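Below is the file my_file_33.cif, which contains mmCIF, N, CA and C atoms.
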```
data_structure
#
loop_
_atom_site.label_atom_id
_atom_site.label_comp_id
_atom_site.auth_asym_id
_atom_site.auth_seq_id
_atom_site.Cartn_x
_atom_site.Cartn_y
_atom_site.Cartn_z
N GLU A 1 11.40 40.12 43.94
CA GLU A 1 11.65 39.12 44.98
C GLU A 1 10.34 38.47 45.42
N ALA A 2 9.28 39.26 45.57
CA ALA A 2 8.00 38.71 45.98
C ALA A 2 7.47 37.72 44.94
N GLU A 3 7.61 38.04 43.66
CA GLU A 3 7.08 37.18 42.61
C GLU A 3 7.74 35.81 42.65
N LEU A 4 9.07 35.77 42.77
CA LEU A 4 9.76 34.49 42.89
C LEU A 4 9.35 33.77 44.18
N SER A 5 9.26 34.51 45.29
CA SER A 5 8.81 33.90 46.53
C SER A 5 7.42 33.32 46.38
N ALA A 6 6.56 33.95 45.58
CA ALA A 6 5.24 33.39 45.32
C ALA A 6 5.35 32.05 44.62
N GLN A 7 6.27 31.93 43.66
CA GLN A 7 6.43 30.67 42.94
C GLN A 7 6.78 29.54 43.90
N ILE A 8 7.76 29.76 44.78
CA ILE A 8 8.15 28.72 45.73
C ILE A 8 6.95 28.29 46.56
N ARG A 9 6.17 29.26 47.05
CA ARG A 9 4.93 28.92 47.73
C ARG A 9 3.97 28.20 46.79
N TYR A 10 3.90 28.65 45.54
CA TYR A 10 3.10 27.95 44.54
C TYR A 10 3.60 26.52 44.35
N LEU A 11 4.92 26.35 44.24
CA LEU A 11 5.48 25.02 44.00
C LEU A 11 5.25 24.09 45.19
N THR A 12 5.40 24.61 46.41
CA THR A 12 5.54 23.75 47.58
C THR A 12 4.38 22.77 47.71
N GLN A 13 3.15 23.26 47.61
CA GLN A 13 1.99 22.43 47.93
C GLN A 13 1.41 21.70 46.73
N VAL A 14 1.51 22.26 45.52
CA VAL A 14 0.84 21.68 44.37
C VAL A 14 1.72 20.74 43.55
N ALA A 15 3.02 20.70 43.82
CA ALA A 15 3.98 20.06 42.92
C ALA A 15 5.04 19.36 43.76
N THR A 16 6.18 19.07 43.13
CA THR A 16 7.30 18.36 43.75
C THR A 16 7.00 16.87 43.89
N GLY A 17 6.45 16.26 42.84
CA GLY A 17 6.49 14.82 42.72
C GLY A 17 7.86 14.37 42.24
N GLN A 18 8.40 13.34 42.89
CA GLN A 18 9.79 12.97 42.65
C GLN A 18 9.99 12.39 41.25
N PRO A 19 9.44 11.20 40.90
CA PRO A 19 9.50 10.77 39.50
C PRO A 19 8.26 11.17 38.72
N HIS A 20 8.20 10.78 37.44
CA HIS A 20 6.97 10.84 36.66
C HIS A 20 6.94 9.66 35.71
N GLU A 21 5.75 9.07 35.54
CA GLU A 21 5.57 7.85 34.76
C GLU A 21 4.44 8.03 33.75
N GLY A 22 4.45 9.15 33.03
CA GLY A 22 3.43 9.37 32.01
C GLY A 22 3.45 8.30 30.94
N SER A 23 4.64 8.01 30.41
CA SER A 23 4.85 6.89 29.50
C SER A 23 3.93 6.98 28.27
N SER A 24 4.13 8.04 27.49
CA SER A 24 3.44 8.19 26.21
C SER A 24 4.27 7.50 25.12
N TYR A 25 4.32 6.18 25.22
CA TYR A 25 5.14 5.37 24.33
C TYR A 25 4.35 4.31 23.58
N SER A 26 3.35 3.70 24.22
CA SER A 26 2.56 2.68 23.54
C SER A 26 1.80 3.22 22.34
N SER A 27 1.66 4.54 22.24
CA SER A 27 1.05 5.17 21.07
C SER A 27 2.09 5.67 20.07
N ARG A 28 3.21 6.21 20.55
CA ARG A 28 4.25 6.68 19.64
C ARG A 28 4.84 5.53 18.84
N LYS A 29 5.19 4.44 19.52
CA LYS A 29 5.82 3.31 18.84
C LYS A 29 4.88 2.73 17.79
N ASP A 30 3.61 2.54 18.15
CA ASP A 30 2.65 1.94 17.23
C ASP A 30 2.15 2.91 16.16
N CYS A 31 2.38 4.21 16.32
CA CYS A 31 1.99 5.16 15.28
C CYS A 31 2.94 5.07 14.09
N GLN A 32 4.22 5.36 14.32
CA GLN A 32 5.22 5.16 13.27
C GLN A 32 5.14 3.73 12.74
N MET A 33 4.89 2.77 13.63
CA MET A 33 4.73 1.39 13.20
C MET A 33 3.55 1.26 12.24
N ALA A 34 2.43 1.92 12.56
CA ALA A 34 1.30 1.92 11.63
C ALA A 34 1.68 2.59 10.32
N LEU A 35 2.44 3.69 10.39
CA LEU A 35 2.90 4.34 9.17
C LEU A 35 3.76 3.40 8.34
N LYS A 36 4.62 2.62 9.00
CA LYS A 36 5.41 1.63 8.27
C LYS A 36 4.51 0.63 7.57
N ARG A 37 3.44 0.20 8.24
CA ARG A 37 2.45 -0.64 7.57
C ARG A 37 1.83 0.08 6.39
N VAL A 38 1.48 1.35 6.57
CA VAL A 38 0.97 2.14 5.45
C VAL A 38 2.03 2.28 4.37
N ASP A 39 3.29 2.49 4.78
CA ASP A 39 4.37 2.59 3.80
C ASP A 39 4.53 1.29 3.03
N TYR A 40 4.42 0.15 3.72
CA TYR A 40 4.47 -1.13 3.01
C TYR A 40 3.40 -1.20 1.93
N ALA A 41 2.23 -0.61 2.19
CA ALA A 41 1.21 -0.52 1.15
C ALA A 41 1.66 0.39 0.01
N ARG A 42 2.29 1.52 0.34
CA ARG A 42 2.74 2.45 -0.70
C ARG A 42 3.52 1.72 -1.78
N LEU A 43 4.65 1.12 -1.40
CA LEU A 43 5.56 0.54 -2.39
C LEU A 43 4.88 -0.58 -3.16
N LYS A 44 4.16 -1.45 -2.46
CA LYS A 44 3.60 -2.63 -3.11
C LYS A 44 2.41 -2.31 -3.99
N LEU A 45 1.62 -1.29 -3.64
CA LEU A 45 0.61 -0.80 -4.58
C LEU A 45 1.28 -0.26 -5.84
N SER A 46 2.37 0.50 -5.68
CA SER A 46 3.09 1.02 -6.83
C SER A 46 3.68 -0.11 -7.66
N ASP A 47 4.24 -1.13 -7.01
CA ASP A 47 4.78 -2.27 -7.74
C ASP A 47 3.69 -2.96 -8.55
N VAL A 48 2.50 -3.10 -7.97
CA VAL A 48 1.36 -3.63 -8.72
C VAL A 48 1.07 -2.73 -9.91
N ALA A 49 1.01 -1.42 -9.68
CA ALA A 49 0.74 -0.49 -10.77
C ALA A 49 1.78 -0.64 -11.88
N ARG A 50 3.05 -0.77 -11.50
CA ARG A 50 4.09 -1.04 -12.49
C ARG A 50 3.85 -2.37 -13.18
N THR A 51 3.46 -3.40 -12.42
CA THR A 51 3.24 -4.71 -13.01
C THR A 51 2.10 -4.68 -14.02
N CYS A 52 1.00 -4.01 -13.70
CA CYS A 52 -0.11 -3.89 -14.63
C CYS A 52 0.04 -2.71 -15.57
N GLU A 53 1.05 -1.86 -15.37
CA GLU A 53 1.46 -0.96 -16.43
C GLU A 53 2.09 -1.74 -17.58
N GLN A 54 2.70 -2.89 -17.27
CA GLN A 54 3.20 -3.77 -18.31
C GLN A 54 2.05 -4.42 -19.09
N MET A 55 0.89 -4.57 -18.45
CA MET A 55 -0.27 -5.10 -19.16
C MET A 55 -0.64 -4.21 -20.34
N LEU A 56 -0.60 -2.89 -20.14
CA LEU A 56 -0.91 -1.96 -21.23
C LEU A 56 0.09 -2.10 -22.37
N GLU A 57 1.37 -2.22 -22.04
CA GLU A 57 2.42 -2.26 -23.05
C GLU A 57 2.40 -1.00 -23.90
N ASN B 1 -11.75 -11.06 -28.75
CA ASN B 1 -12.66 -10.49 -27.76
C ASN B 1 -12.15 -10.74 -26.34
N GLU B 2 -11.62 -11.94 -26.09
CA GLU B 2 -11.11 -12.25 -24.76
C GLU B 2 -9.96 -11.32 -24.39
N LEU B 3 -9.03 -11.08 -25.32
CA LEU B 3 -7.94 -10.16 -25.04
C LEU B 3 -8.45 -8.75 -24.83
N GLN B 4 -9.43 -8.32 -25.63
CA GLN B 4 -9.99 -6.98 -25.46
C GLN B 4 -10.61 -6.83 -24.08
N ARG B 5 -11.34 -7.86 -23.62
CA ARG B 5 -11.88 -7.83 -22.27
C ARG B 5 -10.76 -7.79 -21.24
N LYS B 6 -9.68 -8.53 -21.48
CA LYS B 6 -8.55 -8.53 -20.56
C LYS B 6 -7.99 -7.12 -20.39
N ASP B 7 -7.72 -6.44 -21.50
CA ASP B 7 -7.17 -5.09 -21.42
C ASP B 7 -8.15 -4.13 -20.76
N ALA B 8 -9.44 -4.27 -21.05
CA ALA B 8 -10.43 -3.41 -20.42
C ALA B 8 -10.42 -3.59 -18.91
N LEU B 9 -10.29 -4.84 -18.44
CA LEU B 9 -10.16 -5.08 -17.01
C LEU B 9 -8.92 -4.40 -16.46
N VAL B 10 -7.82 -4.41 -17.22
CA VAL B 10 -6.60 -3.75 -16.78
C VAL B 10 -6.86 -2.26 -16.55
N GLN B 11 -7.47 -1.60 -17.53
CA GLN B 11 -7.73 -0.17 -17.39
C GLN B 11 -8.56 0.12 -16.15
N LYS B 12 -9.54 -0.73 -15.86
CA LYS B 12 -10.27 -0.61 -14.60
C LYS B 12 -9.33 -0.78 -13.41
N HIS B 13 -8.38 -1.71 -13.52
CA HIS B 13 -7.43 -1.94 -12.44
C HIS B 13 -6.55 -0.72 -12.20
N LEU B 14 -5.90 -0.22 -13.26
CA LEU B 14 -4.88 0.81 -13.08
C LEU B 14 -5.46 2.08 -12.48
N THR B 15 -6.54 2.59 -13.07
CA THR B 15 -7.11 3.84 -12.57
C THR B 15 -7.53 3.71 -11.12
N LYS B 16 -8.14 2.58 -10.76
CA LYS B 16 -8.47 2.32 -9.37
C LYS B 16 -7.21 2.19 -8.53
N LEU B 17 -6.23 1.43 -9.02
CA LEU B 17 -4.97 1.28 -8.28
C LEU B 17 -4.25 2.61 -8.17
N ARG B 18 -4.20 3.38 -9.25
CA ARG B 18 -3.59 4.71 -9.19
C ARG B 18 -4.36 5.61 -8.24
N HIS B 19 -5.69 5.54 -8.26
CA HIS B 19 -6.49 6.34 -7.34
C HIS B 19 -6.14 6.03 -5.90
N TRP B 20 -6.01 4.74 -5.57
CA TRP B 20 -5.60 4.36 -4.22
C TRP B 20 -4.19 4.83 -3.92
N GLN B 21 -3.29 4.74 -4.90
CA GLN B 21 -1.93 5.20 -4.70
C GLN B 21 -1.90 6.67 -4.30
N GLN B 22 -2.83 7.47 -4.82
CA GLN B 22 -2.86 8.89 -4.48
C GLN B 22 -3.25 9.11 -3.03
N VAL B 23 -4.33 8.47 -2.58
CA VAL B 23 -4.84 8.72 -1.24
C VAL B 23 -3.87 8.19 -0.19
N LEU B 24 -3.26 7.03 -0.44
CA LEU B 24 -2.28 6.50 0.50
C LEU B 24 -1.10 7.45 0.64
N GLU B 25 -0.62 8.00 -0.48
CA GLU B 25 0.41 9.03 -0.41
C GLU B 25 -0.11 10.27 0.31
N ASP B 26 -1.37 10.63 0.07
CA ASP B 26 -1.95 11.80 0.74
C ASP B 26 -2.00 11.60 2.25
N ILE B 27 -2.39 10.40 2.70
CA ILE B 27 -2.40 10.13 4.13
C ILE B 27 -0.99 10.15 4.71
N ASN B 28 0.03 10.02 3.86
CA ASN B 28 1.41 10.07 4.31
C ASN B 28 1.93 11.50 4.42
N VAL B 29 1.63 12.35 3.44
CA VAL B 29 2.10 13.74 3.50
C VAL B 29 1.47 14.46 4.68
N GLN B 30 0.28 14.03 5.11
CA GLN B 30 -0.41 14.70 6.21
C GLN B 30 0.21 14.37 7.56
N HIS B 31 0.80 13.19 7.71
CA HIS B 31 1.37 12.79 9.00
C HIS B 31 2.44 13.78 9.44
N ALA C 1 -6.79 -23.32 -43.10
CA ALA C 1 -5.62 -22.91 -43.86
C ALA C 1 -4.38 -22.91 -42.98
N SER C 2 -3.23 -23.23 -43.57
CA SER C 2 -1.98 -23.25 -42.81
C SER C 2 -1.64 -21.87 -42.28
N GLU C 3 -1.81 -20.84 -43.11
CA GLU C 3 -1.51 -19.48 -42.66
C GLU C 3 -2.43 -19.06 -41.52
N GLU C 4 -3.71 -19.41 -41.61
CA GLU C 4 -4.64 -19.07 -40.54
C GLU C 4 -4.21 -19.70 -39.22
N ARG C 5 -3.78 -20.97 -39.26
CA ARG C 5 -3.28 -21.61 -38.06
C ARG C 5 -2.10 -20.85 -37.48
N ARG C 6 -1.24 -20.30 -38.34
CA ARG C 6 -0.09 -19.54 -37.86
C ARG C 6 -0.55 -18.30 -37.09
N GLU C 7 -1.55 -17.59 -37.61
CA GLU C 7 -2.05 -16.40 -36.92
C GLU C 7 -2.64 -16.76 -35.57
N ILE C 8 -3.35 -17.89 -35.49
CA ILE C 8 -3.87 -18.35 -34.20
C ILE C 8 -2.73 -18.57 -33.22
N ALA C 9 -1.65 -19.20 -33.69
CA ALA C 9 -0.49 -19.40 -32.83
C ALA C 9 0.09 -18.07 -32.37
N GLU C 10 0.19 -17.10 -33.29
CA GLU C 10 0.67 -15.78 -32.91
C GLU C 10 -0.26 -15.14 -31.89
N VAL C 11 -1.57 -15.25 -32.09
CA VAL C 11 -2.53 -14.73 -31.12
C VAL C 11 -2.37 -15.45 -29.79
N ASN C 12 -2.22 -16.77 -29.83
CA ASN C 12 -2.02 -17.53 -28.60
C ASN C 12 -0.74 -17.10 -27.89
N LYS C 13 0.34 -16.90 -28.65
CA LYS C 13 1.59 -16.46 -28.04
C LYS C 13 1.44 -15.10 -27.38
N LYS C 14 0.78 -14.16 -28.06
CA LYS C 14 0.52 -12.87 -27.44
C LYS C 14 -0.39 -13.02 -26.23
N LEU C 15 -1.47 -13.78 -26.37
CA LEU C 15 -2.36 -14.02 -25.23
C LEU C 15 -1.62 -14.75 -24.12
N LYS C 16 -0.82 -15.76 -24.47
CA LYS C 16 -0.04 -16.46 -23.46
C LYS C 16 0.94 -15.52 -22.77
N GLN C 17 1.61 -14.67 -23.54
CA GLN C 17 2.51 -13.69 -22.95
C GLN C 17 1.75 -12.72 -22.06
N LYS C 18 0.59 -12.24 -22.53
CA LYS C 18 -0.23 -11.37 -21.71
C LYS C 18 -0.68 -12.08 -20.44
N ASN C 19 -0.93 -13.39 -20.52
CA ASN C 19 -1.31 -14.14 -19.33
C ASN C 19 -0.19 -14.12 -18.29
N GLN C 20 1.07 -14.21 -18.75
CA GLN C 20 2.19 -14.13 -17.82
C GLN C 20 2.19 -12.80 -17.08
N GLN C 21 1.92 -11.71 -17.80
CA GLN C 21 1.77 -10.42 -17.13
C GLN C 21 0.65 -10.47 -16.10
N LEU C 22 -0.42 -11.22 -16.40
CA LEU C 22 -1.57 -11.26 -15.51
C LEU C 22 -1.28 -12.07 -14.25
N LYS C 23 -0.58 -13.20 -14.40
CA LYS C 23 -0.33 -14.06 -13.24
C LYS C 23 0.46 -13.32 -12.17
N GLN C 24 1.47 -12.55 -12.58
CA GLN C 24 2.23 -11.77 -11.61
C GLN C 24 1.33 -10.80 -10.86
N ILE C 25 0.31 -10.27 -11.53
CA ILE C 25 -0.59 -9.32 -10.87
C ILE C 25 -1.30 -9.99 -9.71
N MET C 26 -1.91 -11.15 -9.95
CA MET C 26 -2.59 -11.85 -8.86
C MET C 26 -1.63 -12.11 -7.71
N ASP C 27 -0.47 -12.68 -8.01
CA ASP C 27 0.50 -12.96 -6.96
C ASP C 27 0.79 -11.70 -6.15
N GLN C 28 0.96 -10.56 -6.82
CA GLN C 28 1.16 -9.31 -6.10
C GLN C 28 -0.11 -8.88 -5.38
N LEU C 29 -1.25 -8.89 -6.08
CA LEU C 29 -2.51 -8.56 -5.43
C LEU C 29 -2.83 -9.56 -4.33
N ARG C 30 -2.65 -10.85 -4.61
CA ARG C 30 -2.82 -11.87 -3.58
C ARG C 30 -1.90 -11.61 -2.40
N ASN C 31 -0.61 -11.39 -2.68
CA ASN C 31 0.34 -11.16 -1.59
C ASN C 31 -0.07 -9.98 -0.73
N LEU C 32 -0.54 -8.90 -1.35
CA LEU C 32 -0.93 -7.72 -0.58
C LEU C 32 -2.12 -8.02 0.32
N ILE C 33 -3.14 -8.69 -0.21
CA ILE C 33 -4.30 -9.02 0.61
C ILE C 33 -3.92 -10.00 1.71
N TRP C 34 -2.98 -10.91 1.42
CA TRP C 34 -2.42 -11.74 2.49
C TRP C 34 -1.77 -10.87 3.56
N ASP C 35 -0.87 -9.98 3.15
CA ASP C 35 -0.06 -9.24 4.11
C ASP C 35 -0.90 -8.31 4.96
N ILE C 36 -1.85 -7.60 4.34
CA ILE C 36 -2.66 -6.64 5.09
C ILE C 36 -3.43 -7.34 6.20
N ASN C 37 -4.05 -8.47 5.88
CA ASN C 37 -4.85 -9.19 6.87
C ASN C 37 -3.97 -9.73 8.00
N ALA C 38 -2.82 -10.32 7.66
CA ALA C 38 -1.94 -10.84 8.69
C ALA C 38 -1.45 -9.73 9.61
N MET C 39 -1.10 -8.58 9.03
CA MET C 39 -0.64 -7.45 9.84
C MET C 39 -1.76 -6.93 10.74
N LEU C 40 -2.98 -6.85 10.21
CA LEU C 40 -4.09 -6.25 10.95
C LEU C 40 -4.63 -7.19 12.02
N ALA C 41 -4.84 -8.47 11.67
CA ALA C 41 -5.43 -9.40 12.62
C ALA C 41 -4.62 -9.45 13.91
N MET C 42 -3.30 -9.30 13.80
CA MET C 42 -2.45 -9.28 14.98
C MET C 42 -2.56 -7.98 15.76
N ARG C 43 -3.18 -6.95 15.19
CA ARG C 43 -3.27 -5.65 15.85
C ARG C 43 -3.73 -5.79 17.29
N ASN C 44 -2.85 -5.46 18.23
CA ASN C 44 -3.11 -5.57 19.67
C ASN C 44 -4.22 -6.54 20.03
#
```
Target format structure tokens, applied to this file:
Amino acid sequence: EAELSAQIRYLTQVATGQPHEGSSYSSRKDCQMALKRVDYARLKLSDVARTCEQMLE
Amino acid sequence: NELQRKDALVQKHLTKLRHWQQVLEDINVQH
Amino acid sequence: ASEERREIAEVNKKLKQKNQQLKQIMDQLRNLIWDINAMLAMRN
């Protein structure tokens, strides 16, 4: 009982902010977005390799 | 000779292009 | 010689065909260098 009562005392003064607005989104969206840009390089580099694989014949 | 030079340029292209294809894939598997 | 001219035409046809393989490469290589710069320059 004391340990839980300690938590409430711990919570009361240091915490209990109503909302939170951390908003770790401007990095998440642009990360996968950067990967999509990297992915666009993947396929098109390979297509070039296929195209110049035809050069060898 | 011109065709031989053309093919030689290709071989320079492919190995370099293939080399880049490896690292780009490598940067993808790491994500 | 007539036969020699024929071989030149065959070489030209092979070279011309190889050139077609080459033109697509530039367009692809050109397109990629176009796309990478356009995508990056807009970066935030």
Pull out every residue that the PyMOL selection byres ((chain B and name CA) within 8 of (chain A and name CA)) matches in the shown coordinates and put them as a short mmCIF file (atom, residue, chain, number, x, y, z; two decimals) with N, CA and C atoms, in the coordinates of the input.
```cif
data_model
loop_
_atom_site.label_atom_id
_atom_site.label_comp_id
_atom_site.auth_asym_id
_atom_site.auth_seq_id
_atom_site.Cartn_x
_atom_site.Cartn_y
_atom_site.Cartn_z
N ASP B 7 -7.72 -6.44 -21.50
CA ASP B 7 -7.17 -5.09 -21.42
C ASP B 7 -8.15 -4.13 -20.76
N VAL B 10 -7.82 -4.41 -17.22
CA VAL B 10 -6.60 -3.75 -16.78
C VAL B 10 -6.86 -2.26 -16.55
N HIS B 13 -8.38 -1.71 -13.52
CA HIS B 13 -7.43 -1.94 -12.44
C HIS B 13 -6.55 -0.72 -12.20
N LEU B 14 -5.90 -0.22 -13.26
CA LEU B 14 -4.88 0.81 -13.08
C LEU B 14 -5.46 2.08 -12.48
N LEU B 17 -6.23 1.43 -9.02
CA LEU B 17 -4.97 1.28 -8.28
C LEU B 17 -4.25 2.61 -8.17
N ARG B 18 -4.20 3.38 -9.25
CA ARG B 18 -3.59 4.71 -9.19
C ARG B 18 -4.36 5.61 -8.24
N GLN B 21 -3.29 4.74 -4.90
CA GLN B 21 -1.93 5.20 -4.70
C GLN B 21 -1.90 6.67 -4.30
N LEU B 24 -3.26 7.03 -0.44
CA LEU B 24 -2.28 6.50 0.50
C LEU B 24 -1.10 7.45 0.64
N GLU B 25 -0.62 8.00 -0.48
CA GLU B 25 0.41 9.03 -0.41
C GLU B 25 -0.11 10.27 0.31
N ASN B 28 0.03 10.02 3.86
CA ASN B 28 1.41 10.07 4.31
C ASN B 28 1.93 11.50 4.42
#
```
What separation in Å, quoted to one decimal, exists between atom CA of residue 15 of chain C and atom N of residue 3 of chain B?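 Computing the Euclidean distance for atom CA of residue 15 of chain C and atom N of residue 3 of chain B yields 7.3 Å.
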Atom C of residue 11 of chain C to atom N of residue 32 of chain C: how many Å, to one decimal? 29.2 Å
From the options C:40, C:8, C:14, C:2, which residue's atoms come nearest to chain B, counting only C-alpha atoms?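 Once distances to chain B are computed over only C-alpha atoms, the minimum belongs to C:14.
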So how far away is atom CA of residue 39 of chain C from atom CA of residue 9 of chain B, in Å?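 Atom-to-atom, atom CA of residue 9 of chain B to atom CA of residue 39 of chain C, that is 28.6 Å.
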Chain C residues near chain A within 8 Å, closest pair each, using all atoms listed in the file, as JSON lines:
```
{"residue": "C:18", "atom": "CA", "partner": "A:55", "partner_atom": "CA", "distance": 6.8}
{"residue": "C:21", "atom": "CA", "partner": "A:55", "partner_atom": "CA", "distance": 6.0}
{"residue": "C:22", "atom": "N", "partner": "A:55", "partner_atom": "CA", "distance": 6.7}
{"residue": "C:24", "atom": "C", "partner": "A:51", "partner_atom": "CA", "distance": 6.7}
{"residue": "C:25", "atom": "CA", "partner": "A:51", "partner_atom": "C", "distance": 6.2}
{"residue": "C:28", "atom": "CA", "partner": "A:48", "partner_atom": "CA", "distance": 6.3}
{"residue": "C:29", "atom": "N", "partner": "A:48", "partner_atom": "CA", "distance": 6.4}
{"residue": "C:32", "atom": "CA", "partner": "A:44", "partner_atom": "C", "distance": 7.2}
{"residue": "C:39", "atom": "CA", "partner": "A:37", "partner_atom": "CA", "distance": 7.8}
```
For segment 2-12 of chain A, I'd like the enclosing box, axis-aligned and padded by 6 Å on every side, reported as JSON with centre and edge lengths in Å to one decimal.
```
{"center_x": 6.4, "center_y": 31.0, "center_z": 45.2, "size_x": 18.7, "size_y": 28.5, "size_z": 17.1}
```
Sel. of alpha helix (DSSP H) residues, chain A, as a ChimeraX atom specification: /A:2-14,28-56
Return segment 5-24 of chain B, completed with N, CA, C and O atoms, as a PDB file, in the frame of the given file.
```pdb
ATOM      1  N   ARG B   5     -11.340  -7.860 -23.620  1.00  0.00           N
ATOM      2  CA  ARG B   5     -11.880  -7.830 -22.270  1.00  0.00           C
ATOM      3  C   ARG B   5     -10.760  -7.790 -21.240  1.00  0.00           C
ATOM      4  O   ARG B   5     -10.872  -7.103 -20.214  1.00  0.00           O
ATOM      5  N   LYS B   6      -9.680  -8.530 -21.480  1.00  0.00           N
ATOM      6  CA  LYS B   6      -8.550  -8.530 -20.560  1.00  0.00           C
ATOM      7  C   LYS B   6      -7.990  -7.120 -20.390  1.00  0.00           C
ATOM      8  O   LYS B   6      -7.811  -6.639 -19.263  1.00  0.00           O
ATOM      9  N   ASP B   7      -7.720  -6.440 -21.500  1.00  0.00           N
ATOM     10  CA  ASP B   7      -7.170  -5.090 -21.420  1.00  0.00           C
ATOM     11  C   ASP B   7      -8.150  -4.130 -20.760  1.00  0.00           C
ATOM     12  O   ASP B   7      -7.742  -3.259 -19.975  1.00  0.00           O
ATOM     13  N   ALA B   8      -9.440  -4.270 -21.050  1.00  0.00           N
ATOM     14  CA  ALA B   8     -10.430  -3.410 -20.420  1.00  0.00           C
ATOM     15  C   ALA B   8     -10.420  -3.590 -18.910  1.00  0.00           C
ATOM     16  O   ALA B   8     -10.531  -2.617 -18.156  1.00  0.00           O
ATOM     17  N   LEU B   9     -10.290  -4.840 -18.440  1.00  0.00           N
ATOM     18  CA  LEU B   9     -10.160  -5.080 -17.010  1.00  0.00           C
ATOM     19  C   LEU B   9      -8.920  -4.400 -16.460  1.00  0.00           C
ATOM     20  O   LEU B   9      -8.945  -3.857 -15.345  1.00  0.00           O
ATOM     21  N   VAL B  10      -7.820  -4.410 -17.220  1.00  0.00           N
ATOM     22  CA  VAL B  10      -6.600  -3.750 -16.780  1.00  0.00           C
ATOM     23  C   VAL B  10      -6.860  -2.260 -16.550  1.00  0.00           C
ATOM     24  O   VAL B  10      -6.521  -1.710 -15.492  1.00  0.00           O
ATOM     25  N   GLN B  11      -7.470  -1.600 -17.530  1.00  0.00           N
ATOM     26  CA  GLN B  11      -7.730  -0.170 -17.390  1.00  0.00           C
ATOM     27  C   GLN B  11      -8.560   0.120 -16.150  1.00  0.00           C
ATOM     28  O   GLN B  11      -8.326   1.113 -15.450  1.00  0.00           O
ATOM     29  N   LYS B  12      -9.540  -0.730 -15.860  1.00  0.00           N
ATOM     30  CA  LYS B  12     -10.270  -0.610 -14.600  1.00  0.00           C
ATOM     31  C   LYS B  12      -9.330  -0.780 -13.410  1.00  0.00           C
ATOM     32  O   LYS B  12      -9.465  -0.088 -12.401  1.00  0.00           O
ATOM     33  N   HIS B  13      -8.380  -1.710 -13.520  1.00  0.00           N
ATOM     34  CA  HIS B  13      -7.430  -1.940 -12.440  1.00  0.00           C
ATOM     35  C   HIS B  13      -6.550  -0.720 -12.200  1.00  0.00           C
ATOM     36  O   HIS B  13      -6.449  -0.220 -11.077  1.00  0.00           O
ATOM     37  N   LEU B  14      -5.900  -0.220 -13.260  1.00  0.00           N
ATOM     38  CA  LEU B  14      -4.880   0.810 -13.080  1.00  0.00           C
ATOM     39  C   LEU B  14      -5.460   2.080 -12.480  1.00  0.00           C
ATOM     40  O   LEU B  14      -4.949   2.596 -11.479  1.00  0.00           O
ATOM     41  N   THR B  15      -6.540   2.590 -13.070  1.00  0.00           N
ATOM     42  CA  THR B  15      -7.110   3.840 -12.570  1.00  0.00           C
ATOM     43  C   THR B  15      -7.530   3.710 -11.120  1.00  0.00           C
ATOM     44  O   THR B  15      -7.306   4.615 -10.309  1.00  0.00           O
ATOM     45  N   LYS B  16      -8.140   2.580 -10.760  1.00  0.00           N
ATOM     46  CA  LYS B  16      -8.470   2.320  -9.370  1.00  0.00           C
ATOM     47  C   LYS B  16      -7.210   2.190  -8.530  1.00  0.00           C
ATOM     48  O   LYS B  16      -7.113   2.760  -7.434  1.00  0.00           O
ATOM     49  N   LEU B  17      -6.230   1.430  -9.020  1.00  0.00           N
ATOM     50  CA  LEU B  17      -4.970   1.280  -8.280  1.00  0.00           C
ATOM     51  C   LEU B  17      -4.250   2.610  -8.170  1.00  0.00           C
ATOM     52  O   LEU B  17      -3.726   2.953  -7.097  1.00  0.00           O
ATOM     53  N   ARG B  18      -4.200   3.380  -9.250  1.00  0.00           N
ATOM     54  CA  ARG B  18      -3.590   4.710  -9.190  1.00  0.00           C
ATOM     55  C   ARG B  18      -4.360   5.610  -8.240  1.00  0.00           C
ATOM     56  O   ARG B  18      -3.752   6.378  -7.479  1.00  0.00           O
ATOM     57  N   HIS B  19      -5.690   5.540  -8.260  1.00  0.00           N
ATOM     58  CA  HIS B  19      -6.490   6.340  -7.340  1.00  0.00           C
ATOM     59  C   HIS B  19      -6.140   6.030  -5.900  1.00  0.00           C
ATOM     60  O   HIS B  19      -5.980   6.933  -5.073  1.00  0.00           O
ATOM     61  N   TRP B  20      -6.010   4.740  -5.570  1.00  0.00           N
ATOM     62  CA  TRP B  20      -5.600   4.360  -4.220  1.00  0.00           C
ATOM     63  C   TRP B  20      -4.190   4.830  -3.920  1.00  0.00           C
ATOM     64  O   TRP B  20      -3.893   5.269  -2.803  1.00  0.00           O
ATOM     65  N   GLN B  21      -3.290   4.740  -4.900  1.00  0.00           N
ATOM     66  CA  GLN B  21      -1.930   5.200  -4.700  1.00  0.00           C
ATOM     67  C   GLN B  21      -1.900   6.670  -4.300  1.00  0.00           C
ATOM     68  O   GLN B  21      -1.039   7.084  -3.513  1.00  0.00           O
ATOM     69  N   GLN B  22      -2.830   7.470  -4.820  1.00  0.00           N
ATOM     70  CA  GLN B  22      -2.860   8.890  -4.480  1.00  0.00           C
ATOM     71  C   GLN B  22      -3.250   9.110  -3.030  1.00  0.00           C
ATOM     72  O   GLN B  22      -2.592   9.863  -2.302  1.00  0.00           O
ATOM     73  N   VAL B  23      -4.330   8.470  -2.580  1.00  0.00           N
ATOM     74  CA  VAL B  23      -4.840   8.720  -1.240  1.00  0.00           C
ATOM     75  C   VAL B  23      -3.870   8.190  -0.190  1.00  0.00           C
ATOM     76  O   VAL B  23      -3.653   8.821   0.856  1.00  0.00           O
ATOM     77  N   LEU B  24      -3.260   7.030  -0.440  1.00  0.00           N
ATOM     78  CA  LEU B  24      -2.280   6.500   0.500  1.00  0.00           C
ATOM     79  C   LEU B  24      -1.100   7.450   0.640  1.00  0.00           C
ATOM     80  O   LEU B  24      -0.604   7.685   1.747  1.00  0.00           O
TER      81      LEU B  24
END
```
